[PDB]
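Take a look at the structure set out below.
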Amino acid sequence: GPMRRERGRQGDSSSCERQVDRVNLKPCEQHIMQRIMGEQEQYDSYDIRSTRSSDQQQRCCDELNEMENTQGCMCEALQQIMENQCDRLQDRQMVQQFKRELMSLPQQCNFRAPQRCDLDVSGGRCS
């Protein structure tokens, strides 16, 4: 079987991954990375009667709930966020707390459903 033969693989022109490019959740990752800041928050406290900018972040998950109509591909969505701004995660332990908060992000929407979401065959450097 010479290499001249066609690869024999077709149908890979499309993949849920392409749906990840539609993610673009800079405000969501900022709601998780900023929260773990600890020192970045706890300032300019506002009365509950007044609205808080953080309350606008919640809309994020709410959007992935019925806005972007995400699905089991959420993993590729959350993984994209970290990869969207994790190049500095190894710099500190932010990967920890961020992981705890990042674990709640997928809860505010309740994407849970599939027995397993992450695959051991594939993974990222940040984790």
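Letters for chains follow the order of the structure tokens (A, B, ...), residue numbers begin at 1 for each chain, and ligand numbers begin at 1 in the order shown.
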
Show me, as a compact mmCIF listing (two decimals) with C-alpha atoms, in the first residue's frame, the residues that have an atom within 12 Å of region 97-109 of chain A when counting only C-alpha atoms, minus same-chain residues fewer than 4 positions from it.
# COMPACT_ATOMS: atom_id res chain seq x y z
CA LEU A 25 -16.78 33.70 26.92
CA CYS A 28 -17.25 34.24 32.15
CA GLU A 29 -13.58 33.30 32.60
CA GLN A 30 -13.13 36.81 34.06
CA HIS A 31 -15.90 36.02 36.57
CA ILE A 32 -14.01 32.91 37.71
CA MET A 33 -10.40 34.14 37.51
CA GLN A 34 -11.37 37.47 39.13
CA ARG A 35 -13.26 35.71 41.95
CA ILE A 36 -10.25 33.58 42.94
CA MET A 37 -8.32 36.88 43.00
CA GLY A 38 -9.40 37.32 46.64
CA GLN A 57 -21.58 37.49 35.09
CA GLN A 58 -24.20 34.97 36.26
CA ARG A 59 -26.02 35.70 32.98
CA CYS A 60 -23.09 33.88 31.35
CA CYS A 61 -24.06 30.35 32.41
CA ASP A 62 -27.70 31.44 32.01
CA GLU A 63 -26.79 32.14 28.37
CA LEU A 64 -25.16 28.73 27.81
CA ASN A 65 -28.39 27.36 29.33
CA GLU A 66 -30.68 28.45 26.48
CA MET A 67 -28.66 31.09 24.58
CA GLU A 68 -25.83 29.17 22.88
CA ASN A 69 -27.86 25.98 23.43
CA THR A 70 -24.66 24.15 24.43
CA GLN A 71 -24.70 20.35 24.84
CA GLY A 72 -22.37 17.53 25.96
CA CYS A 73 -19.66 19.52 24.16
CA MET A 74 -19.65 21.80 27.23
CA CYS A 75 -16.35 20.13 28.22
CA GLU A 76 -14.78 21.56 25.05
CA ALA A 77 -16.41 24.86 26.05
CA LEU A 78 -15.10 25.02 29.63
CA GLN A 79 -11.72 23.65 28.49
CA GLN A 80 -11.60 26.43 25.89
CA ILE A 81 -12.11 29.11 28.56
CA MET A 82 -9.17 27.89 30.66
CA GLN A 85 -6.62 32.56 29.63
CA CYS A 86 -4.68 29.78 31.41
CA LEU A 89 -2.37 29.46 35.43
CA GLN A 90 0.80 27.42 36.06
CA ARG A 92 0.38 30.32 40.46
CA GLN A 93 -1.98 27.80 42.11
CA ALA A 113 -25.94 14.33 32.34
CA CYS A 117 -17.33 14.19 30.07
CA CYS A 126 -3.12 23.28 31.92
CA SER A 127 -4.41 19.95 33.30

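Of the listed residues (A:19, A:115, A:24, A:56), A:24 comes nearest to residue 83 (chain A); the distances count only C-alpha atoms.
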
Within chain A, find each residue whose DSSP state, derived from the backbone, is helix (DSSP H, G or I), and express the selection as a PDB file with N, CA, C and O atoms, in the first residue's frame.
ATOM      1  N   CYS A  16     -17.722  19.028  16.362  1.00  0.00           N
ATOM      2  CA  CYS A  16     -18.279  19.905  17.432  1.00  0.00           C
ATOM      3  C   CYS A  16     -17.248  20.971  17.804  1.00  0.00           C
ATOM      4  O   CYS A  16     -17.592  22.084  18.154  1.00  0.00           O
ATOM      5  N   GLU A  17     -15.987  20.643  17.731  1.00  0.00           N
ATOM      6  CA  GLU A  17     -14.938  21.641  18.079  1.00  0.00           C
ATOM      7  C   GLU A  17     -15.260  22.973  17.401  1.00  0.00           C
ATOM      8  O   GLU A  17     -15.147  24.027  17.994  1.00  0.00           O
ATOM      9  N   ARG A  18     -15.665  22.935  16.160  1.00  0.00           N
ATOM     10  CA  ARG A  18     -15.997  24.200  15.446  1.00  0.00           C
ATOM     11  C   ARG A  18     -17.040  24.975  16.252  1.00  0.00           C
ATOM     12  O   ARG A  18     -17.125  26.185  16.175  1.00  0.00           O
ATOM     13  N   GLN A  19     -17.833  24.289  17.028  1.00  0.00           N
ATOM     14  CA  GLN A  19     -18.867  24.987  17.842  1.00  0.00           C
ATOM     15  C   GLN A  19     -18.188  25.704  19.010  1.00  0.00           C
ATOM     16  O   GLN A  19     -18.725  26.632  19.581  1.00  0.00           O
ATOM     17  N   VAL A  20     -17.005  25.281  19.368  1.00  0.00           N
ATOM     18  CA  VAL A  20     -16.288  25.937  20.496  1.00  0.00           C
ATOM     19  C   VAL A  20     -15.867  27.347  20.079  1.00  0.00           C
ATOM     20  O   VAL A  20     -15.843  28.261  20.878  1.00  0.00           O
ATOM     21  N   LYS A  26     -15.248  35.552  27.285  1.00  0.00           N
ATOM     22  CA  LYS A  26     -14.188  36.286  28.031  1.00  0.00           C
ATOM     23  C   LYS A  26     -14.729  36.767  29.383  1.00  0.00           C
ATOM     24  O   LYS A  26     -14.028  36.742  30.375  1.00  0.00           O
ATOM     25  N   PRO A  27     -15.996  37.219  29.428  1.00  0.00           N
ATOM     26  CA  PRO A  27     -16.608  37.707  30.671  1.00  0.00           C
ATOM     27  C   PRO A  27     -16.819  36.576  31.679  1.00  0.00           C
ATOM     28  O   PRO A  27     -16.765  36.781  32.875  1.00  0.00           O
ATOM     29  N   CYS A  28     -17.049  35.381  31.209  1.00  0.00           N
ATOM     30  CA  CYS A  28     -17.249  34.242  32.146  1.00  0.00           C
ATOM     31  C   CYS A  28     -15.910  33.906  32.805  1.00  0.00           C
ATOM     32  O   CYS A  28     -15.781  33.910  34.015  1.00  0.00           O
ATOM     33  N   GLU A  29     -14.906  33.628  32.018  1.00  0.00           N
ATOM     34  CA  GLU A  29     -13.576  33.305  32.601  1.00  0.00           C
ATOM     35  C   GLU A  29     -13.148  34.444  33.526  1.00  0.00           C
ATOM     36  O   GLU A  29     -12.497  34.233  34.530  1.00  0.00           O
ATOM     37  N   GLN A  30     -13.515  35.654  33.198  1.00  0.00           N
ATOM     38  CA  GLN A  30     -13.135  36.808  34.058  1.00  0.00           C
ATOM     39  C   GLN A  30     -13.940  36.758  35.358  1.00  0.00           C
ATOM     40  O   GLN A  30     -13.535  37.292  36.371  1.00  0.00           O
ATOM     41  N   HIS A  31     -15.075  36.113  35.338  1.00  0.00           N
ATOM     42  CA  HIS A  31     -15.901  36.024  36.573  1.00  0.00           C
ATOM     43  C   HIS A  31     -15.336  34.922  37.467  1.00  0.00           C
ATOM     44  O   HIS A  31     -15.561  34.897  38.661  1.00  0.00           O
ATOM     45  N   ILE A  32     -14.599  34.013  36.895  1.00  0.00           N
ATOM     46  CA  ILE A  32     -14.011  32.911  37.709  1.00  0.00           C
ATOM     47  C   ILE A  32     -12.583  33.283  38.108  1.00  0.00           C
ATOM     48  O   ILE A  32     -12.190  33.142  39.249  1.00  0.00           O
ATOM     49  N   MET A  33     -11.802  33.760  37.178  1.00  0.00           N
ATOM     50  CA  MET A  33     -10.401  34.143  37.508  1.00  0.00           C
ATOM     51  C   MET A  33     -10.412  35.345  38.453  1.00  0.00           C
ATOM     52  O   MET A  33      -9.611  35.442  39.360  1.00  0.00           O
ATOM     53  N   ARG A  35     -12.768  36.137  40.611  1.00  0.00           N
ATOM     54  CA  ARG A  35     -13.265  35.708  41.949  1.00  0.00           C
ATOM     55  C   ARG A  35     -12.114  35.112  42.764  1.00  0.00           C
ATOM     56  O   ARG A  35     -11.898  35.470  43.905  1.00  0.00           O
ATOM     57  N   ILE A  36     -11.376  34.202  42.191  1.00  0.00           N
ATOM     58  CA  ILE A  36     -10.245  33.580  42.937  1.00  0.00           C
ATOM     59  C   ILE A  36      -9.195  34.643  43.271  1.00  0.00           C
ATOM     60  O   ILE A  36      -8.282  34.405  44.035  1.00  0.00           O
ATOM     61  N   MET A  37      -9.314  35.814  42.707  1.00  0.00           N
ATOM     62  CA  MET A  37      -8.317  36.883  43.001  1.00  0.00           C
ATOM     63  C   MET A  37      -8.256  37.121  44.510  1.00  0.00           C
ATOM     64  O   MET A  37      -7.200  37.322  45.077  1.00  0.00           O
ATOM     65  N   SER A  53     -21.961  44.459  39.587  1.00  0.00           N
ATOM     66  CA  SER A  53     -21.439  44.028  38.259  1.00  0.00           C
ATOM     67  C   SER A  53     -21.290  42.505  38.239  1.00  0.00           C
ATOM     68  O   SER A  53     -21.458  41.868  37.219  1.00  0.00           O
ATOM     69  N   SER A  54     -20.975  41.916  39.361  1.00  0.00           N
ATOM     70  CA  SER A  54     -20.815  40.436  39.405  1.00  0.00           C
ATOM     71  C   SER A  54     -22.142  39.769  39.034  1.00  0.00           C
ATOM     72  O   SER A  54     -22.170  38.697  38.463  1.00  0.00           O
ATOM     73  N   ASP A  55     -23.240  40.394  39.356  1.00  0.00           N
ATOM     74  CA  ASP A  55     -24.563  39.796  39.022  1.00  0.00           C
ATOM     75  C   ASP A  55     -24.699  39.673  37.502  1.00  0.00           C
ATOM     76  O   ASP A  55     -25.459  38.869  37.000  1.00  0.00           O
ATOM     77  N   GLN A  56     -23.968  40.465  36.766  1.00  0.00           N
ATOM     78  CA  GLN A  56     -24.057  40.393  35.281  1.00  0.00           C
ATOM     79  C   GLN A  56     -23.316  39.150  34.784  1.00  0.00           C
ATOM     80  O   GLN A  56     -23.626  38.605  33.744  1.00  0.00           O
ATOM     81  N   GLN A  57     -22.338  38.697  35.521  1.00  0.00           N
ATOM     82  CA  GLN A  57     -21.579  37.489  35.089  1.00  0.00           C
ATOM     83  C   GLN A  57     -22.498  36.266  35.130  1.00  0.00           C
ATOM     84  O   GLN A  57     -22.497  35.446  34.234  1.00  0.00           O
ATOM     85  N   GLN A  58     -23.283  36.139  36.165  1.00  0.00           N
ATOM     86  CA  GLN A  58     -24.203  34.970  36.262  1.00  0.00           C
ATOM     87  C   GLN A  58     -24.912  34.767  34.921  1.00  0.00           C
ATOM     88  O   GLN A  58     -25.079  33.655  34.457  1.00  0.00           O
ATOM     89  N   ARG A  59     -25.328  35.832  34.294  1.00  0.00           N
ATOM     90  CA  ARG A  59     -26.023  35.699  32.984  1.00  0.00           C
ATOM     91  C   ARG A  59     -25.223  34.756  32.085  1.00  0.00           C
ATOM     92  O   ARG A  59     -25.777  34.009  31.303  1.00  0.00           O
ATOM     93  N   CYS A  60     -23.923  34.781  32.194  1.00  0.00           N
ATOM     94  CA  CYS A  60     -23.089  33.882  31.350  1.00  0.00           C
ATOM     95  C   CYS A  60     -23.718  32.490  31.336  1.00  0.00           C
ATOM     96  O   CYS A  60     -24.417  32.122  30.413  1.00  0.00           O
ATOM     97  N   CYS A  61     -23.477  31.715  32.356  1.00  0.00           N
ATOM     98  CA  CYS A  61     -24.065  30.348  32.406  1.00  0.00           C
ATOM     99  C   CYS A  61     -25.515  30.406  31.927  1.00  0.00           C
ATOM    100  O   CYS A  61     -25.940  29.626  31.098  1.00  0.00           O
ATOM    101  N   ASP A  62     -26.278  31.330  32.439  1.00  0.00           N
ATOM    102  CA  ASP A  62     -27.700  31.441  32.009  1.00  0.00           C
ATOM    103  C   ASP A  62     -27.764  31.482  30.482  1.00  0.00           C
ATOM    104  O   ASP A  62     -28.686  30.975  29.877  1.00  0.00           O
ATOM    105  N   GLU A  63     -26.787  32.074  29.857  1.00  0.00           N
ATOM    106  CA  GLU A  63     -26.790  32.137  28.370  1.00  0.00           C
ATOM    107  C   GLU A  63     -26.500  30.745  27.814  1.00  0.00           C
ATOM    108  O   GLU A  63     -27.196  30.255  26.949  1.00  0.00           O
ATOM    109  N   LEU A  64     -25.481  30.097  28.308  1.00  0.00           N
ATOM    110  CA  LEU A  64     -25.160  28.733  27.808  1.00  0.00           C
ATOM    111  C   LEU A  64     -26.309  27.785  28.159  1.00  0.00           C
ATOM    112  O   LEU A  64     -26.352  26.656  27.714  1.00  0.00           O
ATOM    113  N   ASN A  65     -27.242  28.236  28.954  1.00  0.00           N
ATOM    114  CA  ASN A  65     -28.385  27.359  29.329  1.00  0.00           C
ATOM    115  C   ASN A  65     -29.394  27.313  28.181  1.00  0.00           C
ATOM    116  O   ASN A  65     -29.895  26.266  27.823  1.00  0.00           O
ATOM    117  N   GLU A  66     -29.698  28.441  27.601  1.00  0.00           N
ATOM    118  CA  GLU A  66     -30.680  28.454  26.478  1.00  0.00           C
ATOM    119  C   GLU A  66     -30.220  29.421  25.383  1.00  0.00           C
ATOM    120  O   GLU A  66     -30.828  29.522  24.337  1.00  0.00           O
ATOM    121  N   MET A  74     -20.022  20.798  26.194  1.00  0.00           N
ATOM    122  CA  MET A  74     -19.646  21.797  27.232  1.00  0.00           C
ATOM    123  C   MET A  74     -18.178  21.602  27.616  1.00  0.00           C
ATOM    124  O   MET A  74     -17.418  22.546  27.701  1.00  0.00           O
ATOM    125  N   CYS A  75     -17.772  20.384  27.847  1.00  0.00           N
ATOM    126  CA  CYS A  75     -16.352  20.134  28.222  1.00  0.00           C
ATOM    127  C   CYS A  75     -15.438  20.928  27.289  1.00  0.00           C
ATOM    128  O   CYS A  75     -14.570  21.657  27.727  1.00  0.00           O
ATOM    129  N   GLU A  76     -15.632  20.801  26.005  1.00  0.00           N
ATOM    130  CA  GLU A  76     -14.779  21.558  25.048  1.00  0.00           C
ATOM    131  C   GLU A  76     -15.007  23.056  25.254  1.00  0.00           C
ATOM    132  O   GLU A  76     -14.173  23.876  24.924  1.00  0.00           O
ATOM    133  N   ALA A  77     -16.132  23.417  25.811  1.00  0.00           N
ATOM    134  CA  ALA A  77     -16.415  24.858  26.051  1.00  0.00           C
ATOM    135  C   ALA A  77     -15.655  25.317  27.295  1.00  0.00           C
ATOM    136  O   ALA A  77     -14.916  26.279  27.263  1.00  0.00           O
ATOM    137  N   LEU A  78     -15.822  24.628  28.391  1.00  0.00           N
ATOM    138  CA  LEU A  78     -15.097  25.023  29.629  1.00  0.00           C
ATOM    139  C   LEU A  78     -13.595  24.901  29.380  1.00  0.00           C
ATOM    140  O   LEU A  78     -12.822  25.774  29.727  1.00  0.00           O
ATOM    141  N   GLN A  79     -13.174  23.825  28.772  1.00  0.00           N
ATOM    142  CA  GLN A  79     -11.724  23.647  28.490  1.00  0.00           C
ATOM    143  C   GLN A  79     -11.226  24.825  27.654  1.00  0.00           C
ATOM    144  O   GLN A  79     -10.132  25.318  27.846  1.00  0.00           O
ATOM    145  N   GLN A  80     -12.023  25.284  26.729  1.00  0.00           N
ATOM    146  CA  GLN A  80     -11.596  26.435  25.886  1.00  0.00           C
ATOM    147  C   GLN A  80     -11.364  27.653  26.780  1.00  0.00           C
ATOM    148  O   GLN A  80     -10.354  28.321  26.685  1.00  0.00           O
ATOM    149  N   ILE A  81     -12.288  27.944  27.655  1.00  0.00           N
ATOM    150  CA  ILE A  81     -12.113  29.114  28.559  1.00  0.00           C
ATOM    151  C   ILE A  81     -10.732  29.034  29.213  1.00  0.00           C
ATOM    152  O   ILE A  81      -9.881  29.879  29.004  1.00  0.00           O
ATOM    153  N   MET A  82     -10.498  28.020  30.000  1.00  0.00           N
ATOM    154  CA  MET A  82      -9.171  27.886  30.657  1.00  0.00           C
ATOM    155  C   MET A  82      -8.076  28.135  29.622  1.00  0.00           C
ATOM    156  O   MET A  82      -7.172  28.917  29.834  1.00  0.00           O
ATOM    157  N   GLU A  83      -8.160  27.484  28.498  1.00  0.00           N
ATOM    158  CA  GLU A  83      -7.131  27.689  27.443  1.00  0.00           C
ATOM    159  C   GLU A  83      -7.229  29.123  26.924  1.00  0.00           C
ATOM    160  O   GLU A  83      -6.293  29.660  26.365  1.00  0.00           O
ATOM    161  N   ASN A  84      -8.359  29.749  27.108  1.00  0.00           N
ATOM    162  CA  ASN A  84      -8.523  31.149  26.629  1.00  0.00           C
ATOM    163  C   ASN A  84      -7.709  32.089  27.519  1.00  0.00           C
ATOM    164  O   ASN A  84      -7.345  33.176  27.116  1.00  0.00           O
ATOM    165  N   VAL A  95      -4.903  27.598  39.406  1.00  0.00           N
ATOM    166  CA  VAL A  95      -5.547  26.402  38.794  1.00  0.00           C
ATOM    167  C   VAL A  95      -6.386  25.675  39.847  1.00  0.00           C
ATOM    168  O   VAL A  95      -7.380  25.049  39.538  1.00  0.00           O
ATOM    169  N   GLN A  96      -5.995  25.752  41.088  1.00  0.00           N
ATOM    170  CA  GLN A  96      -6.772  25.064  42.157  1.00  0.00           C
ATOM    171  C   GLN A  96      -8.095  25.797  42.378  1.00  0.00           C
ATOM    172  O   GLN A  96      -9.111  25.444  41.812  1.00  0.00           O
ATOM    173  N   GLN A  97      -8.090  26.814  43.194  1.00  0.00           N
ATOM    174  CA  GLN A  97      -9.347  27.572  43.450  1.00  0.00           C
ATOM    175  C   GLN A  97     -10.119  27.728  42.139  1.00  0.00           C
ATOM    176  O   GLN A  97     -11.287  27.406  42.052  1.00  0.00           O
ATOM    177  N   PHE A  98      -9.472  28.214  41.115  1.00  0.00           N
ATOM    178  CA  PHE A  98     -10.171  28.380  39.812  1.00  0.00           C
ATOM    179  C   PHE A  98     -10.861  27.068  39.448  1.00  0.00           C
ATOM    180  O   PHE A  98     -11.969  27.053  38.951  1.00  0.00           O
ATOM    181  N   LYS A  99     -10.216  25.963  39.699  1.00  0.00           N
ATOM    182  CA  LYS A  99     -10.839  24.650  39.375  1.00  0.00           C
ATOM    183  C   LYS A  99     -12.108  24.482  40.208  1.00  0.00           C
ATOM    184  O   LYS A  99     -13.139  24.071  39.714  1.00  0.00           O
ATOM    185  N   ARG A 100     -12.042  24.807  41.469  1.00  0.00           N
ATOM    186  CA  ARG A 100     -13.247  24.676  42.333  1.00  0.00           C
ATOM    187  C   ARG A 100     -14.346  25.586  41.788  1.00  0.00           C
ATOM    188  O   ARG A 100     -15.459  25.160  41.553  1.00  0.00           O
ATOM    189  N   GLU A 101     -14.039  26.836  41.568  1.00  0.00           N
ATOM    190  CA  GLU A 101     -15.065  27.763  41.020  1.00  0.00           C
ATOM    191  C   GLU A 101     -15.414  27.314  39.602  1.00  0.00           C
ATOM    192  O   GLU A 101     -16.567  27.245  39.225  1.00  0.00           O
ATOM    193  N   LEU A 102     -14.421  26.998  38.817  1.00  0.00           N
ATOM    194  CA  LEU A 102     -14.684  26.542  37.425  1.00  0.00           C
ATOM    195  C   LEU A 102     -15.586  25.307  37.466  1.00  0.00           C
ATOM    196  O   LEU A 102     -16.317  25.027  36.536  1.00  0.00           O
ATOM    197  N   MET A 103     -15.539  24.565  38.540  1.00  0.00           N
ATOM    198  CA  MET A 103     -16.393  23.350  38.643  1.00  0.00           C
ATOM    199  C   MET A 103     -17.840  23.767  38.915  1.00  0.00           C
ATOM    200  O   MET A 103     -18.772  23.064  38.582  1.00  0.00           O
ATOM    201  N   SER A 104     -18.035  24.908  39.518  1.00  0.00           N
ATOM    202  CA  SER A 104     -19.421  25.369  39.808  1.00  0.00           C
ATOM    203  C   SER A 104     -20.021  26.006  38.551  1.00  0.00           C
ATOM    204  O   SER A 104     -21.214  25.953  38.327  1.00  0.00           O
ATOM    205  N   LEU A 105     -19.203  26.608  37.732  1.00  0.00           N
ATOM    206  CA  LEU A 105     -19.729  27.248  36.493  1.00  0.00           C
ATOM    207  C   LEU A 105     -20.633  26.263  35.748  1.00  0.00           C
ATOM    208  O   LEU A 105     -21.747  26.589  35.387  1.00  0.00           O
ATOM    209  N   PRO A 106     -20.150  25.031  35.518  1.00  0.00           N
ATOM    210  CA  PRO A 106     -20.929  24.004  34.820  1.00  0.00           C
ATOM    211  C   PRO A 106     -22.122  23.554  35.665  1.00  0.00           C
ATOM    212  O   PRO A 106     -22.957  22.788  35.228  1.00  0.00           O
ATOM    213  N   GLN A 107     -22.207  24.040  36.874  1.00  0.00           N
ATOM    214  CA  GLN A 107     -23.345  23.661  37.755  1.00  0.00           C
ATOM    215  C   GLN A 107     -24.445  24.713  37.622  1.00  0.00           C
ATOM    216  O   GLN A 107     -25.612  24.396  37.503  1.00  0.00           O
ATOM    217  N   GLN A 108     -24.078  25.964  37.640  1.00  0.00           N
ATOM    218  CA  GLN A 108     -25.099  27.041  37.514  1.00  0.00           C
ATOM    219  C   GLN A 108     -26.033  26.722  36.346  1.00  0.00           C
ATOM    220  O   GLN A 108     -27.151  27.191  36.287  1.00  0.00           O
ATOM    221  N   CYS A 109     -25.583  25.925  35.415  1.00  0.00           N
ATOM    222  CA  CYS A 109     -26.444  25.575  34.252  1.00  0.00           C
ATOM    223  C   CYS A 109     -26.957  24.143  34.407  1.00  0.00           C
ATOM    224  O   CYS A 109     -27.999  23.787  33.892  1.00  0.00           O
TER     225      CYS A 109
END

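Of note, CA of residue 118 (chain A) and CA of residue 14 (chain A) are spaced 20.4 Å apart.
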